[PDB]
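J.: First, the structure itself, so that you have it in front of you.
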Amino acid sequence: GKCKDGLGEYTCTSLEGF
Amino acid sequence: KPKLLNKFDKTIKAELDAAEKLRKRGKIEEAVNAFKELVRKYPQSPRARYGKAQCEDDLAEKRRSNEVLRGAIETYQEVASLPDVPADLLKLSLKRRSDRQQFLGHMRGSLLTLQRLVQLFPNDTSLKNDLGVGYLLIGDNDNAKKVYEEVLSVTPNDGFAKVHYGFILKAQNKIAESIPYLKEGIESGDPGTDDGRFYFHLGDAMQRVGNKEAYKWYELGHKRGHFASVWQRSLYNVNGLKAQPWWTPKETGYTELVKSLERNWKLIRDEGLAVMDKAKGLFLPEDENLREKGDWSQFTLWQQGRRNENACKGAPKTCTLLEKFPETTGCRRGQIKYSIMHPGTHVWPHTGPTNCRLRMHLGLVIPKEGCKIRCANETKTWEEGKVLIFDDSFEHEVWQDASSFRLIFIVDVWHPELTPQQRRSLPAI
Ligand SMILES: O=C(O)CCC(=O)C(=O)O
Ligand SMILES: [Mn+2]
């Protein structure tokens with residue numbers, strides 16, 4: 001799920017290391 | 001304090017210490033080779049193997065190398081396979097493995113490591129809490145919820161489990177149920193509870209049930225550094241950006257974008273109406289639990305700075321028009337989308353995730369009465385063919401009490417004080 005309008009996800013960004 | 005040396009490792013402690021001293025002095029390449037030789041000479045030593053893994057971990061940091069880190073993640077696992085590994089070392093190694101897997105975005109790998117940890121240490125509540133975070137990070141709120149239920153059945157006052165249980169309830173729209181868990185969890189002060197996400201959702205759940213304590217929690221969250229202010233509660237911020245609920249076009253500097261939207265508003269309107277009439281399935285209902293009631297749907301042309309090619313087949317002239325403005329089409333923390341809202345709609349007060357965008361609204365079909373939008377303490381209405389601009393990182397709220405539909409076009413832009421360097425490097429949202 002994406003944080004488009006709100007802040008409902010546990011994290012709004014993806015993890016891709018360095 | 002932790003016992004890291006099994007019986008054999010005590011007998012080689014002089015060599016193990018020498019290698020670790022190299023790592024602590026920052027001579028990472030020498031330390032890697034020293035531990036590799038110890039692993040060669042003593043292939044069954046858990047401490048030599050953990051030393052190797054830690055040096056690879058540090059080397060990945062130094063080189064900023066995902067591949068070097070993947071090596072470290074494997075060596076941390078090798079530690080756990082060796083005979084006679086001390087319990088403290090086994091936990092440290094697998095916990096770091098999981099942590100680094102999450103850093104790389106290997107969420108399913110981390111989950112497997114965390115499941116193994118809980119199986120190995122069935123009485124360690126903190127590891128069950130970490131397992132719940134693993135599920136949250138992969139989007140599995142159902143399994144996360146079962147994990148925190150299990151923790152709370154053994155340690156009912158674990159504050160970490162309470163705030164995460166409350167977060168999940170809130171996300172499932174169990175608003176009243178979520179409040180005591182979020183509130184008691186923050187009040188516990190347990191490690192991991194002093195977190196902007198829990199202040200954010202506690203205040204929001206309170207607001208939705210009409211509890212006036214909400215702004216006391218926003219004030220505390222501001223005082224503890226989680227929010228830029230009581231009004232502006234976004235959690236993904238660049239500090240210091242000009243903070244203002246309502247913006248004029250001239251203040252944004254995007255006057256060419258605004259002129260194009262206003263001069264060409266009817267074509268944007270007409271393609272939106274054509275999709276409403278002939279391709280209505282492209283409008284997707286709002287799906288972030290932001291409605292008290294009513295019908296609200298959005299047809300998205302760009303998200304995260306990426307054009308939706310199929311959506312743009314539905315509004316080709318609008319997509320062609322907007323392609324000339326990378327301040328919005330490249331806003332990787334914003335969207336470009338039509339937004340239709342029907343009578344009987346109330347959008348809960350909420351805030352967007354980031355202060356890194358401003359949000360433009362172009363009026364397309366605006367009933368003469370009944371529609372308005374509040375941002376912070378100030379309420380406005382739309383006009384057909386005119387752009388409004390607000391910072392949606394401020395709390396905002398919308399009502400639709402007209403007698404027919406209301407259509408707008410939403411265009412996000414990078415905050416104008418963000419440099420090109422910042423716009424290229426910020427993670428997408
Ligand atoms: O009025 C609308 O269609 C959307 C309101 C809103 O919450 C926003 O634009 O962020
Ligand atoms: Mn909004």
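Each chain in the structure tokens gets a letter, A, B and so on, in the order shown; residues start at 1 in every chain, and ligands are counted from 1 in the order they appear.
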Can I get the residues close to ligand 1 as a count of residues only, where close means within 10 Å and we count only C-alpha atoms and all ligand atoms?
T.: 54
J.: For residue 86 of chain B, work out the shell of residues within 12 Å, counting only C-alpha atoms and skipping chain neighbours fewer than 6 positions away, then give it as a PDB file with N, CA, C and O atoms, in the first residue's frame.
T.:
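Written out: result_15.pdb:
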```pdb
ATOM      1  N   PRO B   2      27.374  -9.621  27.330  1.00  0.00           N
ATOM      2  CA  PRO B   2      26.954 -10.853  26.648  1.00  0.00           C
ATOM      3  C   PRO B   2      28.084 -11.871  26.564  1.00  0.00           C
ATOM      4  O   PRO B   2      29.243 -11.530  26.309  1.00  0.00           O
ATOM      5  N   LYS B   3      27.731 -13.136  26.787  1.00  0.00           N
ATOM      6  CA  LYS B   3      28.684 -14.235  26.691  1.00  0.00           C
ATOM      7  C   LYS B   3      28.747 -14.691  25.241  1.00  0.00           C
ATOM      8  O   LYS B   3      27.832 -15.370  24.756  1.00  0.00           O
ATOM      9  N   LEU B   4      29.832 -14.337  24.551  1.00  0.00           N
ATOM     10  CA  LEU B   4      29.964 -14.653  23.140  1.00  0.00           C
ATOM     11  C   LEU B   4      30.917 -15.803  22.835  1.00  0.00           C
ATOM     12  O   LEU B   4      30.964 -16.238  21.680  1.00  0.00           O
ATOM     13  N   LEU B   5      31.657 -16.328  23.819  1.00  0.00           N
ATOM     14  CA  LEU B   5      32.730 -17.292  23.562  1.00  0.00           C
ATOM     15  C   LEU B   5      32.374 -18.673  24.103  1.00  0.00           C
ATOM     16  O   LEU B   5      32.225 -18.846  25.315  1.00  0.00           O
ATOM     17  N   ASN B   6      32.279 -19.662  23.213  1.00  0.00           N
ATOM     18  CA  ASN B   6      32.119 -21.036  23.667  1.00  0.00           C
ATOM     19  C   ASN B   6      33.480 -21.562  24.145  1.00  0.00           C
ATOM     20  O   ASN B   6      34.487 -20.846  24.140  1.00  0.00           O
ATOM     21  N   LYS B   7      33.509 -22.824  24.578  1.00  0.00           N
ATOM     22  CA  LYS B   7      34.702 -23.364  25.237  1.00  0.00           C
ATOM     23  C   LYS B   7      35.925 -23.255  24.339  1.00  0.00           C
ATOM     24  O   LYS B   7      36.982 -22.766  24.766  1.00  0.00           O
ATOM     25  N   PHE B   8      35.796 -23.688  23.078  1.00  0.00           N
ATOM     26  CA  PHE B   8      36.938 -23.592  22.174  1.00  0.00           C
ATOM     27  C   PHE B   8      37.335 -22.138  21.951  1.00  0.00           C
ATOM     28  O   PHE B   8      38.528 -21.814  21.910  1.00  0.00           O
ATOM     29  N   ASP B   9      36.350 -21.244  21.822  1.00  0.00           N
ATOM     30  CA  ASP B   9      36.673 -19.862  21.491  1.00  0.00           C
ATOM     31  C   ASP B   9      37.430 -19.175  22.615  1.00  0.00           C
ATOM     32  O   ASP B   9      38.255 -18.291  22.349  1.00  0.00           O
ATOM     33  N   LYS B  10      37.171 -19.563  23.867  1.00  0.00           N
ATOM     34  CA  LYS B  10      37.991 -19.057  24.961  1.00  0.00           C
ATOM     35  C   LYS B  10      39.460 -19.389  24.758  1.00  0.00           C
ATOM     36  O   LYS B  10      40.328 -18.627  25.192  1.00  0.00           O
ATOM     37  N   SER B  45      34.673 -21.977  14.662  1.00  0.00           N
ATOM     38  CA  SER B  45      34.593 -20.948  15.697  1.00  0.00           C
ATOM     39  C   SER B  45      33.412 -20.017  15.437  1.00  0.00           C
ATOM     40  O   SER B  45      33.386 -19.350  14.398  1.00  0.00           O
ATOM     41  N   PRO B  46      32.427 -19.935  16.338  1.00  0.00           N
ATOM     42  CA  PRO B  46      31.338 -18.962  16.122  1.00  0.00           C
ATOM     43  C   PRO B  46      31.813 -17.517  16.208  1.00  0.00           C
ATOM     44  O   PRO B  46      31.322 -16.666  15.451  1.00  0.00           O
ATOM     45  N   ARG B  47      32.775 -17.214  17.093  1.00  0.00           N
ATOM     46  CA  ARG B  47      33.215 -15.830  17.246  1.00  0.00           C
ATOM     47  C   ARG B  47      34.042 -15.375  16.047  1.00  0.00           C
ATOM     48  O   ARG B  47      33.925 -14.219  15.617  1.00  0.00           O
ATOM     49  N   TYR B  50      31.404 -14.674  13.388  1.00  0.00           N
ATOM     50  CA  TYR B  50      30.691 -13.426  13.646  1.00  0.00           C
ATOM     51  C   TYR B  50      31.594 -12.231  13.397  1.00  0.00           C
ATOM     52  O   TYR B  50      31.139 -11.190  12.905  1.00  0.00           O
ATOM     53  N   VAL B  79      27.098 -18.280  11.160  1.00  0.00           N
ATOM     54  CA  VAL B  79      27.313 -18.322  12.609  1.00  0.00           C
ATOM     55  C   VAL B  79      26.336 -19.289  13.267  1.00  0.00           C
ATOM     56  O   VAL B  79      26.721 -20.157  14.061  1.00  0.00           O
ATOM     57  N   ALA B  80      25.054 -19.154  12.932  1.00  0.00           N
ATOM     58  CA  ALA B  80      23.995 -19.945  13.545  1.00  0.00           C
ATOM     59  C   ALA B  80      24.081 -21.422  13.204  1.00  0.00           C
ATOM     60  O   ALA B  80      23.502 -22.236  13.923  1.00  0.00           O
ATOM     61  N   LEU B  92      22.346 -12.317  18.690  1.00  0.00           N
ATOM     62  CA  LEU B  92      22.936 -11.124  18.089  1.00  0.00           C
ATOM     63  C   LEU B  92      23.109 -11.292  16.592  1.00  0.00           C
ATOM     64  O   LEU B  92      22.832 -10.366  15.817  1.00  0.00           O
ATOM     65  N   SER B  93      23.594 -12.463  16.174  1.00  0.00           N
ATOM     66  CA  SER B  93      23.918 -12.688  14.772  1.00  0.00           C
ATOM     67  C   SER B  93      22.648 -12.739  13.924  1.00  0.00           C
ATOM     68  O   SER B  93      22.548 -12.079  12.875  1.00  0.00           O
TER      69      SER B  93
END
```
J.: Identify all chain A residues at most 7 Å from chain B by counting only C-alpha atoms; ligands do not count. Present them as a PyMOL selection string.
T.: chain A and resi 3+5-8+10+12-13+15-18
J.: Could the residues in this selection be saved with C-alpha atoms as a PDB file, in the first residue's frame?
T.:
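Resulting contents of result32.pdb:
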```pdb
ATOM      1  CA  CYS A   3       0.808   6.731   1.378  1.00  0.00           C
ATOM      2  CA  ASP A   5      -3.090  11.208   0.665  1.00  0.00           C
ATOM      3  CA  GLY A   6      -2.411   9.996   4.201  1.00  0.00           C
ATOM      4  CA  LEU A   7      -0.080   8.285   6.644  1.00  0.00           C
ATOM      5  CA  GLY A   8      -1.870   4.993   7.137  1.00  0.00           C
ATOM      6  CA  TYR A  10       3.515   1.468   8.784  1.00  0.00           C
ATOM      7  CA  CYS A  12       5.598   4.997   3.335  1.00  0.00           C
ATOM      8  CA  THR A  13       8.955   4.464   1.614  1.00  0.00           C
ATOM      9  CA  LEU A  15      13.715  -0.241   1.338  1.00  0.00           C
ATOM     10  CA  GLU A  16      16.451  -0.699  -1.296  1.00  0.00           C
ATOM     11  CA  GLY A  17      19.668  -0.681   0.754  1.00  0.00           C
ATOM     12  CA  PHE A  18      22.372   1.837  -0.117  1.00  0.00           C
TER      13      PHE A  18
END
```
J.: I want to know what sits within 12 Å of residue 225 of chain B, based on only C-alpha atoms, with residues of the same chain fewer than 2 positions away left out; could you give that as a PyMOL selection string?
T.: chain B and resi 194-196+199+218-223+227-230+233-235+237+239
J.: Would you save the residues from that selection as a JSON list (two decimals), in the first residue's frame, using N, CA, C and O atoms?
T.:
```json
[["chain", "number", "residue", "atom", "x", "y", "z"],
["B", 194, "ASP", "N", 8.12, 5.92, 21.54],
["B", 194, "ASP", "CA", 8.24, 7.37, 21.35],
["B", 194, "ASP", "C", 8.45, 7.62, 19.86],
["B", 194, "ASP", "O", 9.56, 7.88, 19.39],
["B", 195, "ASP", "N", 7.35, 7.52, 19.11],
["B", 195, "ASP", "CA", 7.42, 7.36, 17.66],
["B", 195, "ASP", "C", 6.29, 8.18, 17.05],
["B", 195, "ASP", "O", 5.14, 8.07, 17.49],
["B", 196, "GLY", "N", 6.62, 9.03, 16.08],
["B", 196, "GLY", "CA", 5.64, 9.96, 15.54],
["B", 196, "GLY", "C", 4.40, 9.27, 15.00],
["B", 196, "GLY", "O", 3.30, 9.84, 15.03],
["B", 199, "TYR", "N", 1.80, 8.88, 17.99],
["B", 199, "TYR", "CA", 1.18, 10.16, 18.30],
["B", 199, "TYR", "C", 0.22, 10.57, 17.19],
["B", 199, "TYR", "O", -0.89, 11.04, 17.45],
["B", 218, "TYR", "N", -1.11, 16.04, 20.11],
["B", 218, "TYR", "CA", -0.35, 16.68, 19.05],
["B", 218, "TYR", "C", 0.68, 17.64, 19.63],
["B", 218, "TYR", "O", 1.81, 17.73, 19.13],
["B", 219, "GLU", "N", 0.32, 18.36, 20.70],
["B", 219, "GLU", "CA", 1.27, 19.27, 21.33],
["B", 219, "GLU", "C", 2.45, 18.52, 21.92],
["B", 219, "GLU", "O", 3.60, 18.93, 21.75],
["B", 220, "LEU", "N", 2.18, 17.41, 22.62],
["B", 220, "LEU", "CA", 3.27, 16.60, 23.16],
["B", 220, "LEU", "C", 4.14, 16.05, 22.04],
["B", 220, "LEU", "O", 5.37, 16.03, 22.16],
["B", 221, "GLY", "N", 3.52, 15.58, 20.96],
["B", 221, "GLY", "CA", 4.31, 15.06, 19.84],
["B", 221, "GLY", "C", 5.20, 16.12, 19.22],
["B", 221, "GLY", "O", 6.34, 15.84, 18.84],
["B", 222, "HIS", "N", 4.69, 17.35, 19.11],
["B", 222, "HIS", "CA", 5.52, 18.48, 18.69],
["B", 222, "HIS", "C", 6.65, 18.72, 19.67],
["B", 222, "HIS", "O", 7.82, 18.89, 19.27],
["B", 223, "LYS", "N", 6.34, 18.73, 20.97],
["B", 223, "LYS", "CA", 7.38, 19.01, 21.95],
["B", 223, "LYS", "C", 8.46, 17.93, 21.94],
["B", 223, "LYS", "O", 9.61, 18.21, 22.25],
["B", 227, "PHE", "N", 6.63, 16.29, 15.21],
["B", 227, "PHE", "CA", 5.87, 17.10, 14.27],
["B", 227, "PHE", "C", 6.48, 18.49, 14.21],
["B", 227, "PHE", "O", 6.92, 19.02, 15.22],
["B", 228, "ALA", "N", 6.47, 19.09, 13.01],
["B", 228, "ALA", "CA", 6.97, 20.46, 12.87],
["B", 228, "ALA", "C", 6.12, 21.44, 13.67],
["B", 228, "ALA", "O", 6.63, 22.44, 14.18],
["B", 229, "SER", "N", 4.84, 21.16, 13.78],
["B", 229, "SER", "CA", 3.93, 21.95, 14.60],
["B", 229, "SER", "C", 2.70, 21.10, 14.85],
["B", 229, "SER", "O", 2.51, 20.04, 14.25],
["B", 230, "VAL", "N", 1.84, 21.61, 15.73],
["B", 230, "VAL", "CA", 0.59, 20.92, 16.02],
["B", 230, "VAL", "C", -0.29, 20.79, 14.78],
["B", 230, "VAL", "O", -1.06, 19.83, 14.64],
["B", 233, "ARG", "N", 1.70, 17.78, 10.49],
["B", 233, "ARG", "CA", 2.03, 16.55, 11.21],
["B", 233, "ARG", "C", 2.61, 15.47, 10.29],
["B", 233, "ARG", "O", 2.70, 14.30, 10.69],
["B", 234, "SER", "N", 3.04, 15.86, 9.10],
["B", 234, "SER", "CA", 3.70, 14.92, 8.20],
["B", 234, "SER", "C", 4.95, 14.34, 8.85],
["B", 234, "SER", "O", 5.63, 14.99, 9.66],
["B", 235, "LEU", "N", 5.26, 13.10, 8.49],
["B", 235, "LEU", "CA", 6.36, 12.38, 9.12],
["B", 235, "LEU", "C", 7.58, 12.20, 8.22],
["B", 235, "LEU", "O", 8.63, 11.77, 8.70],
["B", 237, "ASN", "N", 9.80, 14.49, 6.27],
["B", 237, "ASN", "CA", 10.02, 15.92, 6.08],
["B", 237, "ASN", "C", 11.46, 16.22, 5.70],
["B", 237, "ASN", "O", 12.39, 15.51, 6.10],
["B", 239, "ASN", "N", 13.56, 19.33, 6.89],
["B", 239, "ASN", "CA", 13.37, 20.37, 7.89],
["B", 239, "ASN", "C", 13.67, 21.74, 7.30],
["B", 239, "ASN", "O", 14.56, 21.88, 6.46]]
```
J.: May I have the residues within 10 Å of residue 268 of chain B as a list in words, using only C-alpha atoms and disregarding those fewer than 3 positions away in the same chain?
T.: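 The contact residues come out as residues 261, 262, 264, 265, 271, 272, 273, 315, 316, 317, 318, 319, 321, 338, 362, 363, 364, 385, 408 and 409 of chain B.
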J.: Nearest to residue 116 of chain B: which of B:209, B:418, B:148, B:77 is it, counting only C-alpha atoms?
T.: B:77
J.: One decimal, in Å: what's the spacing between atom CA of residue 150 of chain B and atom CA of residue 165 of chain B?
T.: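 Atom CA of residue 150 of chain B sits 10.7 Å away from atom CA of residue 165 of chain B.
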J.: For the alpha helix (DSSP H) assignment from backbone DSSP, which residues of segment 86-229 of chain B qualify? Please present them as a VMD selection string.
T.: chain B and resid 87 to 103 107 to 120 125 to 137 141 to 154 159 to 171 175 to 188 196 to 209 214 to 223
J.: Would you kindly return, as a PyMOL selection string, each protein, DNA or RNA residue with an atom no farther than 6 Å from any atom of residue 305 of chain B, considering only C-alpha atoms and excluding same-chain residues fewer than 5 positions away?
T.: chain B and resi 329-332
J.: Taking into account only C-alpha atoms and all ligand atoms, which residue in the set B:214, B:89, B:278, B:357 is nearest to ligand 2?
T.: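 Answer, going by the shortest atom-to-atom distance: B:357.
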J.: Rounded to one decimal in Å, what is the spacing between atom CA of residue 294 of chain B and atom CA of residue 274 of chain B?
T.: 22.5 Å
J.: Using only C-alpha atoms, determine which residues lie at most 8 Å from residue 241 of chain B, disregarding the query and same-chain residues fewer than 2 positions distant; provide the list as JSON, numbers by chain.
T.: {"B": [238, 239, 243, 355, 356, 415, 417, 418]}
J.: From the list B:140, B:208, B:176, B:198, which residue is nearest residue 1 of chain A when using only C-alpha atoms?
T.: B:140
